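Pasting a structure below so you can have a look.
Order of writing sets the chain letters: A, B, C, D and E. Residues in each chain are counted from 1.
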């Protein structure tokens, strides 16, 4: 006896936004785009971990 | 007797689009974007030929 | 508009699914 | 009796039908 | 010999021959280049999409 099986790929994502004036002010904790990217990556990591 | 006449320029167009995952998977018949562009161009050519 | 779905039956491919070469693992489990 | 009985649906393959890769022409018509 | 011979076969030696690798052989067709839905749009208007 033999069999054949299939698996379906799914999709995950998130969106981050920053206003123009916020990119022009002085920042006490470095660049803000990098901070937003890090937060998004960690959030996606947690979502993937629990969805698994 | 003399007369003056005028003609008005008209506009034609069409839109084509491809999803991002469609560009990431293996294709049996070459690049999907080029095929869609060719299909759109030929369709526009036929539409202009019939509208003439 | 042109998208790849999750159709498995070869005779039901209608859109971007007709452009998909099948992906099969060559090891028997 | 291992044989390939003209089965198209990949999820219905049984016996010798599972030992079959698809044969698809690579030139669009 | 009072019957036919090899030289009387015509269609079998004219049809092209290709090699088969399975009991099911698949091929893909292109039927249309798009739907017939009108090409004129107007000035500064995004045209509608189409699918083959």
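The rule we apply is simple: a contact is a pair of C-beta atoms (placed from the backbone, for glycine too) under 8 Å apart; a residue touches a chain by one contact, two chains touch by 3 or more.
Under the contact definition, subunit D and subunit E share the contacting chains B, C. Any chain that touches subunit B and also touches subunit C is listed here: D, E. When every chain is reduced to the mean of its C-alpha atoms, the one closest to the centre of the whole protein set is C.
In terms of C-beta pairs in contact, B-E outnumbers the other of A-D and B-E.
Averaging C-alpha coordinates per chain places the centre of subunit B 23 Å away from that of subunit E. Chain centres here are Cα means. That of subunit A falls 45 Å from that of subunit E. One simple way to say how far apart two chains are is to compare their mean CA positions; for subunit B and subunit D this gives 38 Å. Subunit C and subunit D have CA centres that are 14 Å apart. Counting partner chains per residue, subunit C shows two or more touched chains at residues 1-2, 8, 10, 21. Those residues of subunit E that touch subunit D in the shared complex are 20-30. Of all residues in subunit D, only 8-11, 21-22, 24 touch subunit C in the complex they form.
On the side of subunit C, the complex with subunit E involves touching residues 1-2, 10, 15, 18. Those residues of subunit B that touch subunit D in the shared complex are 28-29.
Within the complex, the subunit A residues that touch subunit D are 1-6.
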